[PDB]
Amino acid sequence: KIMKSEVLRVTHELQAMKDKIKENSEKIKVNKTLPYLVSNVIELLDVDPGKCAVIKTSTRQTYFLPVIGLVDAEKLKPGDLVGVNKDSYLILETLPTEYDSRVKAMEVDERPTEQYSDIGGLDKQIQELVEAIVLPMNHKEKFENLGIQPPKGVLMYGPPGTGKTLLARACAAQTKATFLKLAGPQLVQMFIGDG
Amino acid sequence: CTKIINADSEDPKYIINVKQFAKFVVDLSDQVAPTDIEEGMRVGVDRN
Amino acid sequence: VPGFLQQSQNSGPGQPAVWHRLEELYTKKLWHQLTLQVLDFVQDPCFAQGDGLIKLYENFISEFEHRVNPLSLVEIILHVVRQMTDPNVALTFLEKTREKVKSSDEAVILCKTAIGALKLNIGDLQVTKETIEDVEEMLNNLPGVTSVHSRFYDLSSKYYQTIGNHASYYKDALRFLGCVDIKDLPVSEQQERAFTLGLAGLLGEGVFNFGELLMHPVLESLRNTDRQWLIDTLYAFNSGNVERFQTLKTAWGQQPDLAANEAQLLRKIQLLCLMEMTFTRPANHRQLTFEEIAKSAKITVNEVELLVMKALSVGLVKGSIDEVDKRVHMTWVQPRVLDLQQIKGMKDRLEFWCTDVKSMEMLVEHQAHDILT
Amino acid sequence: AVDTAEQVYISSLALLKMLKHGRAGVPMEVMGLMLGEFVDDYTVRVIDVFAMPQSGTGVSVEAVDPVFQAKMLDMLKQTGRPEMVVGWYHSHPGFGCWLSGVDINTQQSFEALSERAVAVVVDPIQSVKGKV
Amino acid sequence: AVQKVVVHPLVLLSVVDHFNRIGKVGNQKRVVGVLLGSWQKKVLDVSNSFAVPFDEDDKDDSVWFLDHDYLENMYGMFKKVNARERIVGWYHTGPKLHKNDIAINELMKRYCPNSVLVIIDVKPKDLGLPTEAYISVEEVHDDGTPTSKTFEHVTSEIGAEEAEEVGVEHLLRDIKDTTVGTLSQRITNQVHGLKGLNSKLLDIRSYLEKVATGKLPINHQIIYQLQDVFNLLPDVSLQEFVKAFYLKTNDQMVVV
Amino acid sequence: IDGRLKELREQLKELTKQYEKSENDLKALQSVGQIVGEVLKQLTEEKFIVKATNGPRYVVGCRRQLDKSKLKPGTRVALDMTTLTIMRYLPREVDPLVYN
Amino acid sequence: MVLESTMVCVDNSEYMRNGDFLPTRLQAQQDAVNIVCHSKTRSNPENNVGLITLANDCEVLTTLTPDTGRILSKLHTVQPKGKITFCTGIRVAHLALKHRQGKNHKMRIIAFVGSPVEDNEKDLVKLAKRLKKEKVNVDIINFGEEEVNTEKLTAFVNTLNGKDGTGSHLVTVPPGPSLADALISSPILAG
Ligand SMILES: Nc1ncnc2c1ncn2[C@@H]1O[C@H](COP(=O)(O)OP(=O)(O)O)[C@@H](O)[C@H]1O
């Protein structure tokens with residue numbers, strides 16, 4: 001039927017327009033490979049008489065790229081550290097933000113290797129918190145299909161030397177997920193709102 | 001000018017804080033492999 | 001199909017030759033030439049008395065060939081649909097034709113026009129207004145097809161005898177007269193059409209200019225032999241000539257659709273008898289005193305107020321209206337036919353302006369030689 | 001190795017293309033090549049010039065696409081009038097009548113290709129009212 | 001459908017040069033190409049031009065050819081180098097328009113819905129007109145008139161392109177078509193204004209004379225509708241000068 | 001019948017055409033934007049004083065479509081990046097962003 | 001190698017959508033087009049075949065190009081409702097194939113005719129004389145029902161192949177069904 005001519009136009013249009021997308025994406029991506037100005041988004045939702053952006057450049061200037069001409073305001077929220085065109089003065093692409101000096105890596109261990117077998121004594125408590133934490137990590141879909149959201153806040157209270165730290169790192173290793181350690185006693189900083 | 005580097009993506013791109021306060025990302029020069037450059041080390045940049 | 005050809009070769013003298021042509025055309029799988037042959041047979045000098053039988057034969061042929069020309073097939077079979085003459089099933093016949101050819105070509109819009117014509121002929125309340133409006137609503141992206149344009153113009157001209165459209169009815173009748181140029185129908189019936197359009201212009205209110213029908217030869221020559229008083233009255237409305245005696249003779253010459261609105265005729269002629277002064281004198285005589293108004297319109301003094309009010313409302317004269325001297329200022333913003341046989345006056349005024357402009361340019365050049373030479 | 005008081009008969013439409021292309025890409029330092037022919041050694045004449053989008057890489061020889069240039073030349077041959085490539089033009093907002101290092105390098109490549117391949121500086125921003 | 005078009009001082013000379021360079025071997029006198037530009041606010045502007053060799057025959061004006069692949073490649077390149085530029089119309093030289101224009105418009109309107117025609121007078125410089133614009137309207141000639149082609153002229157005015165002032169000043173640098181030398185320059189302004197007024201109004205008078213003679217078809221249906229008001233507009237009453245006897249005469253005497 | 005897959009091919013074409021129109025809007029803009037400043041002084045109906053947020057103030061013209069009633073003194077506006085003229089006026093906001 | 005540049009002008013007359021051939025005569029002529037273009041491509045993939053129309057218009061969008069898919073797509077849904085203009089069609093095919101092409105490329109114009117034509121014998125004879133003076137090389141193939149190889153067509157072909165010309169034949173096809181292989185057998189290697 002019309003399908004032969006239709007698909008003859010369809011494959012050509014799809015491939016040629018994806019080639020055009022590749023061309024535009026490369027011409028913008030070498031600029032995305034040379035972004036220079038920080039993105040302090042003073043977000044003004046200028047709907048066209050849809051959105052817009054005010055970018056505070058690293059060189060202390062303001063660029064009002066219209067309607068955020070390359071990226072979507074859903075993923076680009078008012079913040080910082082998102083690629084900005086050095087020549088086109090336009091929001092180029094998102095990039096990881098800055099984790100507040102100390103929290104960039106305060107004491108974050110990428111992966112603990114301590115095993116559950118080397119600790120013990122409180123095996124009932126450790127199995128309880130394993131069910132409450134590690135199971136919501138491995139079998140998270142189990143809780144999801146059950147309909148019960150697992151609790152998050154677990155408070156290990158007890159005299160020092162009872163293995164809370166080792167148990168926590170071992171649990172994180174069993175989850176095989178990210179582990180972030182907070183040094184509580186030194187969270188009391190003189191700086192206002194620092195903690 | 002020479003500025004320190006901040007960090008990078010999985011491999012190719014490098015997200016860098018630059019002494020010009022710049023949110024600087026570049027394709028590392030072809031003569032320089034990404035292995036040699038490490039986070040928090042100072043590299044000079046060709047103005048062009 | 002061979003059996004139907006054998007049966008159809010009968011029922012008419014000279015028909016079997018065309019039936020042989022039809023046999024050849026569907027043997028070689030011809031559809032457009034077959035539609036031409038069907039056109040020739042339908043427009044053959046016969047009444048097509050066996051309307052149902054020929055409908056059945058044509059539907060048979062078109063359903064087993066299923067590749068005929070749609071617009072022309074409908075243009076031809078609409079004759080049989082109308083000739084069947086039974087509105088209750090004629091609506092179903094039009095629906096059947098729409099279902100057999102539901103393409104967006106002339107076929108569907110012609111079916112709509114046939115529906116509207118049937119609703120005129122009987123049941124002038126069901127879907128008449130929606131049908132007539134939707135014809136123009138669907139003539140979109142169709143600037144110069146002109147066929148169903150002429151169709152719609154004819155339907156709305158016949159709709160003139162309905163409350164909805166009088167002046168627009170005259171306008172679309174003019175559109176029909178433009179789109180179809182040759183006579184293609186009796187001169188007496190064209191003269192009747194001209195009579196109806198003249199009565200439409202006379203009875204209407206918004207038709208002050210009502211151009212392309214006042215001195216139009218295509219409309220006047222139809223009644224050039226009968227009721228030339230109508231021609232004279234339209235010329236009066238055009239050029240502002242009053243000829244009150246001839247216009248009253250007009251009012252009671254064609255008694256239907258004119259005796260009740262002779263008063264509107266009075267008002268319109270009083271309105272349009274000033275345009276002659278208005279274009280002939282480019283503010284040369286800008287003092288439209290009461291006596292001048294009386295000469296122009298043979299009207300009383302109290303009616304001058306209403307006449308000039310309606311003139312301002314329509315757009316004839318927009319100037320100031322005094323009463324201490326009864327002076328009416330002269331601005332016109334609704335031009336009309338200026339009697340192209342009398343274009344010599346405006347040509348003379350334009351050449352007067354040319355002579356004045358060139359003479360003053362040469363005078364200032366004479367005064368300015370001391371810099372320009 | 002002969003370069004007398006050479007003169008460029010540049011065309012008004014070439015000027016208009018230059019100004020339009022610069023006004024479009026004011027901050028991109030857009031690139032292009034001056035379509036001229038050496039009718040002799042020094043009386044060089046340019047009748048036409050084209051506008052090409054600078055690639056994301058910047059001032060590079062590959063930014064002027066070879067296949068695209070060939071197709072453009074064929075189009076000019078078929079419709080219009082063919083013309084050789086012995087020059088180039090570039091809106092230069094940064095500084096004035098000289099060339100940057102990369103501009104010098106690509107002009108060296110153009111000189112290796114062509115016979116002269118004149119280096120033309122046209123500042124788009126400095127030309128404001130009277131001085132282009 | 002556009003309200004009006006505005007022509008830049010940017011494409012006229014380009015079209016003229018294209019005519020000159022492609023008329024070396026094509027002496028058909030018929031240069032046909034496309035004018036590209038932008039239409040934004042009921043104001044259409046032309047920024048680029050292109051010419052294609054084109055041969056005609058007087059037999060029904062249906063003999064021709066073009067290089068549509070090359071022209072489309074040109075348009076793609078132009079859009080790639082400048083996205084805002086789009087084909088705003090197609091242009092033909094030879095102001096004595098022939099009948100192939102309808103076929104050319106039908107073929108090229110796939111690039112532009114409101115297809116327009118542009119005529120450039122390369123050799124003619126009659127008074128000051130560089131080019132003329134044409135809009136295609138075939139939706140019934142008139143209320144009570146037969147079918148026709150009726151290509152009307154959408155109003156055109158020469159625009160003011162930016163950054164071309166420097167170039168044009170450097171190019172001319174001889175006539176100084178500015179208000180320099182105010183008194184003499186305004187004298188020249190009055191002079192050629194009177195010249196243009198006299199020439200155009202003489203042309204209108206000639207058109208009225210020829211309509212009176214009837215040798216040419218009469219388009220009265222717009223002619224009188226546009227000229228009757230012109231004639232009757234009361235710019236001849238002098239009692240407003242009576243009311244404004246000191247219209248500026250006070251300013252005249254204070255200037256004295 | 002290959003013609004019955006016309007619906008799936010239509011879905012594919014619509015899906016890719018959404019991306020194509022997105023990329024058309026992304027590349028057709030390719031804009032440099034306008035710089036942000038504040039109306040330091042209106043001066044007059046023609047020339048205005050607009051100060052960038054980071055130093056220089058300039059005597060510029062105003063956007064043709066806008067008017068002085070829309071511009072006003074001490075209101076955020078956008079100047080053209082190169083030609084340095086008013087292009088659009090924008091509303092501003094402040095945020096305490098703490099304990100909100 | 002002797003390469004061939006061929007410009008086909010295809011009859012998009014109101015009759016071509018009739019089903020004399022199995023799909024439509026229009027589709028039969030499209031099949032003739034794509035098979036001859038396939039033969040050209042097999043001879044050399046850079047042989048170029050272009051489209052010309054004569055249904056009160058001249059389609060040039062599908063230029064003299066090796067690809068056949070553009071011909072197929074653009075000739076499909078050509079809306080065969082208009083008339084036939086033979087004198088305009090072959091002449092504009094001549095102008096279109098007169099465009100920029102290699103001198104080695106042998107210029108050849110092929111025409112497909114499938115419907116009866118109402119044109120002036122005097123006008124077509126004048127066109128034939130003009131093409132004889134211009135040294136034009138056109139071969140014409142008929143399809144389906146028509147006054148096939150009428151006097152005008154025969155004289156036109158005789159003028160274009162006589163005087164020690166190429167010798168391009170015109171075939172007198174049976175109305176309705178026809179053998180495209182037998183129609184294109186002679187000119188594919190002789191004429
Ligand atoms: N069950 C256990 N098995 C092995 N080592 C343990 C265990 N419990 C505590 N430890 C030792 O105690 C230390 C951790 O002390 P800490 O985490 O401060 O205790 P708490 O968590 O009770 O404050 C580790 O170095 C570890 O060697």
# chains A, B, ... in the order shown; residues from 1 in each chain; ligands from 1
>>> residues_near_ligand(ligand="ligand 1", cutoff="9 Å", atoms="only C-alpha atoms and all ligand atoms", output="VMD selection string")
chain A and resid 116 to 123 156 to 168
>>> write_last_selection(atoms="N, CA, C and O atoms", output="short mmCIF file (atom, residue, chain, number, x, y, z; two decimals), in the first residue's frame")
data_model
loop_
_atom_site.label_atom_id
_atom_site.label_comp_id
_atom_site.auth_asym_id
_atom_site.auth_seq_id
_atom_site.Cartn_x
_atom_site.Cartn_y
_atom_site.Cartn_z
N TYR A 116 30.33 -9.55 58.12
CA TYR A 116 29.45 -9.78 59.26
C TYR A 116 29.98 -10.89 60.18
O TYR A 116 29.67 -10.88 61.37
N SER A 117 30.76 -11.83 59.64
CA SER A 117 31.20 -12.96 60.44
C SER A 117 32.16 -12.56 61.55
O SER A 117 32.16 -13.19 62.61
N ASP A 118 32.97 -11.53 61.34
CA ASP A 118 33.99 -11.17 62.33
C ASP A 118 33.40 -10.45 63.54
O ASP A 118 34.13 -10.23 64.52
N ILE A 119 32.12 -10.10 63.51
CA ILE A 119 31.45 -9.49 64.64
C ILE A 119 30.35 -10.43 65.10
O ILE A 119 29.94 -11.35 64.38
N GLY A 120 29.88 -10.20 66.32
CA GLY A 120 28.85 -11.05 66.87
C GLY A 120 28.56 -10.72 68.31
O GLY A 120 28.82 -9.61 68.78
N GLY A 121 28.01 -11.69 69.00
CA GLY A 121 27.56 -11.52 70.38
C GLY A 121 26.12 -11.06 70.47
O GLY A 121 25.34 -11.63 71.22
N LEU A 122 25.77 -10.03 69.70
CA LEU A 122 24.42 -9.48 69.67
C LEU A 122 23.66 -9.95 68.44
O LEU A 122 22.88 -9.19 67.85
N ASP A 123 23.86 -11.21 68.06
CA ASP A 123 23.39 -11.71 66.78
C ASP A 123 21.90 -11.45 66.56
O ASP A 123 21.47 -11.17 65.44
N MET A 156 21.20 2.70 67.21
CA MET A 156 21.94 1.73 68.00
C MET A 156 22.44 2.44 69.26
O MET A 156 23.35 3.27 69.20
N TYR A 157 21.84 2.11 70.40
CA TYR A 157 22.23 2.70 71.67
C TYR A 157 22.89 1.64 72.54
O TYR A 157 22.36 0.55 72.72
N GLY A 158 24.06 1.98 73.06
CA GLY A 158 24.81 1.08 73.90
C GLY A 158 26.22 1.57 74.15
O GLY A 158 26.77 2.37 73.38
N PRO A 159 26.84 1.08 75.22
CA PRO A 159 28.19 1.54 75.58
C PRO A 159 29.19 1.31 74.46
O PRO A 159 28.98 0.44 73.60
N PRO A 160 30.27 2.08 74.42
CA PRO A 160 31.23 1.94 73.32
C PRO A 160 31.90 0.58 73.33
O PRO A 160 31.94 -0.11 74.35
N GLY A 161 32.41 0.18 72.17
CA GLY A 161 32.99 -1.13 72.03
C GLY A 161 32.00 -2.22 71.73
O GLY A 161 32.38 -3.40 71.69
N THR A 162 30.73 -1.88 71.54
CA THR A 162 29.69 -2.86 71.26
C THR A 162 29.53 -3.13 69.77
O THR A 162 28.64 -3.89 69.38
N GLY A 163 30.38 -2.53 68.93
CA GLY A 163 30.42 -2.91 67.54
C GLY A 163 29.43 -2.23 66.62
O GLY A 163 29.17 -2.75 65.54
N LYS A 164 28.88 -1.08 67.02
CA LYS A 164 27.92 -0.40 66.15
C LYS A 164 28.57 -0.01 64.83
O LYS A 164 27.97 -0.18 63.76
N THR A 165 29.79 0.52 64.89
CA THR A 165 30.46 0.98 63.67
C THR A 165 30.73 -0.19 62.72
O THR A 165 30.44 -0.11 61.52
N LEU A 166 31.31 -1.27 63.25
CA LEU A 166 31.61 -2.42 62.41
C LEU A 166 30.34 -3.01 61.84
O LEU A 166 30.30 -3.38 60.66
N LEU A 167 29.29 -3.10 62.65
CA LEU A 167 28.02 -3.64 62.17
C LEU A 167 27.45 -2.77 61.06
O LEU A 167 26.96 -3.29 60.05
N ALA A 168 27.50 -1.45 61.22
CA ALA A 168 26.99 -0.56 60.19
C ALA A 168 27.77 -0.67 58.89
O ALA A 168 27.15 -0.74 57.82
#
>>> interface_residues(of="chain C", to="chain G", cutoff="7 Å", atoms="only C-alpha atoms", output="VMD selection string")
chain C and resid 28 to 32
>>> closest_atom_pairs(of="chain B", to="region 19-30 of chain A", cutoff="12 Å", atoms="only C-alpha atoms", output="CSV")
residue,atom,partner,partner_atom,distance
B:13,CA,A:29,CA,11.2
B:25,CA,A:30,CA,10.2
B:26,CA,A:30,CA,8.6
B:27,CA,A:30,CA,8.4
>>> closest_atom_pairs(of="chain E", to="chain F", cutoff="10 Å", atoms="only C-alpha atoms", output="JSON lines")
{"residue": "E:79", "atom": "CA", "partner": "F:28", "partner_atom": "CA", "distance": 9.2}
{"residue": "E:80", "atom": "CA", "partner": "F:28", "partner_atom": "CA", "distance": 9.3}
{"residue": "E:82", "atom": "CA", "partner": "F:28", "partner_atom": "CA", "distance": 8.5}
{"residue": "E:83", "atom": "CA", "partner": "F:28", "partner_atom": "CA", "distance": 5.4}
{"residue": "E:84", "atom": "CA", "partner": "F:28", "partner_atom": "CA", "distance": 6.9}
>>> residues_around(residues="region 123-134 of chain E", least_positions_apart="2", cutoff="9 Å", atoms="only C-alpha atoms", output="number ranges by chain")
E: 5, 7, 12, 16, 91, 95, 116-121, 136, 151-156, 158, 196
>>> select_by_dssp(residues="region 17-100 of chain F", states="alpha helix (DSSP H)", output="PyMOL selection string")
chain F and resi 17-29+68-71
>>> write_last_selection(atoms="N, CA, C and O atoms", output="PDB file, in the first residue's frame")
ATOM      1  N   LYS F  17       9.415  12.481  15.517  1.00  0.00           N
ATOM      2  CA  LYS F  17       9.119  13.852  15.117  1.00  0.00           C
ATOM      3  C   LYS F  17       9.038  14.781  16.316  1.00  0.00           C
ATOM      4  O   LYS F  17       9.354  15.969  16.198  1.00  0.00           O
ATOM      5  N   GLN F  18       8.612  14.271  17.472  1.00  0.00           N
ATOM      6  CA  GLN F  18       8.706  15.073  18.689  1.00  0.00           C
ATOM      7  C   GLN F  18      10.158  15.446  18.977  1.00  0.00           C
ATOM      8  O   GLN F  18      10.475  16.609  19.253  1.00  0.00           O
ATOM      9  N   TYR F  19      11.060  14.467  18.886  1.00  0.00           N
ATOM     10  CA  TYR F  19      12.480  14.745  19.078  1.00  0.00           C
ATOM     11  C   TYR F  19      13.004  15.695  18.011  1.00  0.00           C
ATOM     12  O   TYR F  19      13.842  16.559  18.292  1.00  0.00           O
ATOM     13  N   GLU F  20      12.529  15.543  16.774  1.00  0.00           N
ATOM     14  CA  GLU F  20      12.996  16.399  15.690  1.00  0.00           C
ATOM     15  C   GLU F  20      12.554  17.843  15.890  1.00  0.00           C
ATOM     16  O   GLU F  20      13.334  18.768  15.655  1.00  0.00           O
ATOM     17  N   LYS F  21      11.311  18.061  16.322  1.00  0.00           N
ATOM     18  CA  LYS F  21      10.876  19.427  16.590  1.00  0.00           C
ATOM     19  C   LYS F  21      11.596  19.999  17.808  1.00  0.00           C
ATOM     20  O   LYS F  21      11.912  21.196  17.845  1.00  0.00           O
ATOM     21  N   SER F  22      11.893  19.154  18.800  1.00  0.00           N
ATOM     22  CA  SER F  22      12.695  19.611  19.929  1.00  0.00           C
ATOM     23  C   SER F  22      14.067  20.080  19.463  1.00  0.00           C
ATOM     24  O   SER F  22      14.528  21.163  19.836  1.00  0.00           O
ATOM     25  N   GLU F  23      14.727  19.283  18.620  1.00  0.00           N
ATOM     26  CA  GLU F  23      16.047  19.664  18.130  1.00  0.00           C
ATOM     27  C   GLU F  23      15.972  20.875  17.208  1.00  0.00           C
ATOM     28  O   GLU F  23      16.911  21.676  17.164  1.00  0.00           O
ATOM     29  N   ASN F  24      14.867  21.027  16.471  1.00  0.00           N
ATOM     30  CA  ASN F  24      14.690  22.208  15.635  1.00  0.00           C
ATOM     31  C   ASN F  24      14.592  23.463  16.486  1.00  0.00           C
ATOM     32  O   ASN F  24      15.179  24.498  16.150  1.00  0.00           O
ATOM     33  N   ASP F  25      13.864  23.389  17.601  1.00  0.00           N
ATOM     34  CA  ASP F  25      13.792  24.538  18.493  1.00  0.00           C
ATOM     35  C   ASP F  25      15.119  24.758  19.212  1.00  0.00           C
ATOM     36  O   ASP F  25      15.466  25.893  19.558  1.00  0.00           O
ATOM     37  N   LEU F  26      15.884  23.683  19.429  1.00  0.00           N
ATOM     38  CA  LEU F  26      17.158  23.818  20.132  1.00  0.00           C
ATOM     39  C   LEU F  26      18.216  24.467  19.252  1.00  0.00           C
ATOM     40  O   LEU F  26      19.022  25.275  19.730  1.00  0.00           O
ATOM     41  N   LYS F  27      18.231  24.130  17.961  1.00  0.00           N
ATOM     42  CA  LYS F  27      19.270  24.651  17.082  1.00  0.00           C
ATOM     43  C   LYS F  27      18.849  25.960  16.430  1.00  0.00           C
ATOM     44  O   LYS F  27      19.699  26.813  16.152  1.00  0.00           O
ATOM     45  N   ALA F  28      17.549  26.139  16.181  1.00  0.00           N
ATOM     46  CA  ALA F  28      17.075  27.372  15.568  1.00  0.00           C
ATOM     47  C   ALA F  28      17.308  28.571  16.480  1.00  0.00           C
ATOM     48  O   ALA F  28      17.550  29.685  16.002  1.00  0.00           O
ATOM     49  N   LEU F  29      17.232  28.366  17.795  1.00  0.00           N
ATOM     50  CA  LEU F  29      17.504  29.455  18.722  1.00  0.00           C
ATOM     51  C   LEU F  29      18.974  29.844  18.653  1.00  0.00           C
ATOM     52  O   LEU F  29      19.302  30.944  18.196  1.00  0.00           O
ATOM     53  N   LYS F  68       8.244  53.556  27.774  1.00  0.00           N
ATOM     54  CA  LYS F  68       8.820  54.014  29.034  1.00  0.00           C
ATOM     55  C   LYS F  68       7.975  53.577  30.223  1.00  0.00           C
ATOM     56  O   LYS F  68       8.509  53.290  31.301  1.00  0.00           O
ATOM     57  N   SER F  69       6.652  53.532  30.053  1.00  0.00           N
ATOM     58  CA  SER F  69       5.793  53.055  31.131  1.00  0.00           C
ATOM     59  C   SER F  69       6.071  51.594  31.462  1.00  0.00           C
ATOM     60  O   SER F  69       5.886  51.171  32.607  1.00  0.00           O
ATOM     61  N   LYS F  70       6.510  50.812  30.476  1.00  0.00           N
ATOM     62  CA  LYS F  70       6.894  49.429  30.735  1.00  0.00           C
ATOM     63  C   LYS F  70       8.330  49.322  31.233  1.00  0.00           C
ATOM     64  O   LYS F  70       8.684  48.334  31.886  1.00  0.00           O
ATOM     65  N   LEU F  71       9.166  50.315  30.930  1.00  0.00           N
ATOM     66  CA  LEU F  71      10.565  50.273  31.347  1.00  0.00           C
ATOM     67  C   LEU F  71      10.728  50.726  32.794  1.00  0.00           C
ATOM     68  O   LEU F  71      11.173  49.952  33.649  1.00  0.00           O
TER      69      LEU F  71
END
>>> interface_residues(of="chain A", to="chain G", cutoff="9 Å", atoms="only C-alpha atoms", output="list in words")
residues 2, 4, 5, 6, 8 and 9 of chain A
>>> residues_around(residues="residue 97 (chain D)", least_positions_apart="3", cutoff="9 Å", atoms="only C-alpha atoms", output="ChimeraX atom specification")
/D:92,120-123
>>> closest_residue(among="F:15, F:49, F:39, F:32", to="chain D", atoms="only C-alpha atoms")
F:32
>>> closest_residue(among="G:142, G:101, G:48, G:149", to="chain D", atoms="only C-alpha atoms")
G:101
>>> closest_residue(among="D:131, D:116, D:90, D:77", to="chain G", atoms="only C-alpha atoms")
D:77
>>> interface_residues(of="chain E", to="chain C", cutoff="10 Å", atoms="only C-alpha atoms", output="PyMOL selection string")
chain E and resi 137-149+184+187-188+190-191+194-195+197-202+204-209+211-214+218+220-237
>>> residues_around(residues="residue 61 (chain D)", least_positions_apart="4", cutoff="8 Å", atoms="only C-alpha atoms", output="ChimeraX atom specification")
/D:65,106,109
>>> closest_atom_pairs(of="chain F", to="chain A", cutoff="8 Å", atoms="only C-alpha atoms", output="tab-separated table")
residue	atom	partner	partner_atom	distance
F:2	CA	A:3	CA	7.0
F:3	CA	A:3	CA	5.5
F:5	CA	A:3	CA	8.0
F:6	CA	A:3	CA	6.1
F:9	CA	A:7	CA	7.4
F:13	CA	A:10	CA	6.7
F:16	CA	A:14	CA	6.8
F:20	CA	A:17	CA	6.7
F:23	CA	A:21	CA	6.5
F:26	CA	A:70	CA	5.6
F:27	CA	A:24	CA	6.7
F:29	CA	A:69	CA	6.6
F:30	CA	A:69	CA	7.1
F:31	CA	A:88	CA	6.4
F:32	CA	A:88	CA	4.5
F:33	CA	A:65	CA	4.1
F:34	CA	A:64	CA	5.1
F:35	CA	A:63	CA	4.9
F:36	CA	A:62	CA	5.5
F:53	CA	A:61	CA	7.1
F:54	CA	A:61	CA	6.0
F:78	CA	A:64	CA	7.5
F:91	CA	A:44	CA	7.8
F:92	CA	A:44	CA	7.9
>>> interface_residues(of="chain D", to="chain B", cutoff="10 Å", atoms="only C-alpha atoms", output="number ranges by chain")
D: 58-59, 100-102
>>> write_last_selection(atoms="C-alpha atoms", output="compact mmCIF listing (two decimals), in the first residue's frame")
# COMPACT_ATOMS: atom_id res chain seq x y z
CA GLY D 58 36.74 26.56 16.69
CA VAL D 59 39.21 27.78 14.08
CA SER D 100 45.90 34.98 15.96
CA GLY D 101 48.23 31.99 16.09
CA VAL D 102 45.60 29.50 14.95
>>> decode(residues="region 77-84 of chain F", atoms="N, CA, C and O atoms", output="PDB file, in the first residue's frame")
ATOM      1  N   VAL F  77      16.193  45.011  33.480  1.00  0.00           N
ATOM      2  CA  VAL F  77      16.002  44.997  32.038  1.00  0.00           C
ATOM      3  C   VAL F  77      17.120  44.178  31.409  1.00  0.00           C
ATOM      4  O   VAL F  77      18.087  43.790  32.070  1.00  0.00           O
ATOM      5  N   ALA F  78      16.974  43.913  30.115  1.00  0.00           N
ATOM      6  CA  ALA F  78      17.964  43.175  29.344  1.00  0.00           C
ATOM      7  C   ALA F  78      18.492  44.050  28.218  1.00  0.00           C
ATOM      8  O   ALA F  78      17.714  44.592  27.425  1.00  0.00           O
ATOM      9  N   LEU F  79      19.813  44.181  28.150  1.00  0.00           N
ATOM     10  CA  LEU F  79      20.488  44.896  27.081  1.00  0.00           C
ATOM     11  C   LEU F  79      20.991  43.909  26.041  1.00  0.00           C
ATOM     12  O   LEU F  79      21.298  42.754  26.349  1.00  0.00           O
ATOM     13  N   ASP F  80      21.079  44.380  24.802  1.00  0.00           N
ATOM     14  CA  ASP F  80      21.659  43.584  23.733  1.00  0.00           C
ATOM     15  C   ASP F  80      23.130  43.347  24.036  1.00  0.00           C
ATOM     16  O   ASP F  80      23.834  44.246  24.504  1.00  0.00           O
ATOM     17  N   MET F  81      23.587  42.123  23.770  1.00  0.00           N
ATOM     18  CA  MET F  81      24.947  41.747  24.138  1.00  0.00           C
ATOM     19  C   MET F  81      25.976  42.584  23.390  1.00  0.00           C
ATOM     20  O   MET F  81      26.967  43.037  23.974  1.00  0.00           O
ATOM     21  N   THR F  82      25.758  42.803  22.092  1.00  0.00           N
ATOM     22  CA  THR F  82      26.755  43.501  21.288  1.00  0.00           C
ATOM     23  C   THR F  82      26.383  44.966  21.079  1.00  0.00           C
ATOM     24  O   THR F  82      27.142  45.869  21.448  1.00  0.00           O
ATOM     25  N   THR F  83      25.214  45.224  20.497  1.00  0.00           N
ATOM     26  CA  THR F  83      24.806  46.585  20.175  1.00  0.00           C
ATOM     27  C   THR F  83      24.433  47.403  21.401  1.00  0.00           C
ATOM     28  O   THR F  83      24.309  48.628  21.293  1.00  0.00           O
ATOM     29  N   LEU F  84      24.244  46.759  22.551  1.00  0.00           N
ATOM     30  CA  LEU F  84      24.025  47.442  23.822  1.00  0.00           C
ATOM     31  C   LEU F  84      22.799  48.356  23.753  1.00  0.00           C
ATOM     32  O   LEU F  84      22.891  49.581  23.813  1.00  0.00           O
TER      33      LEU F  84
END
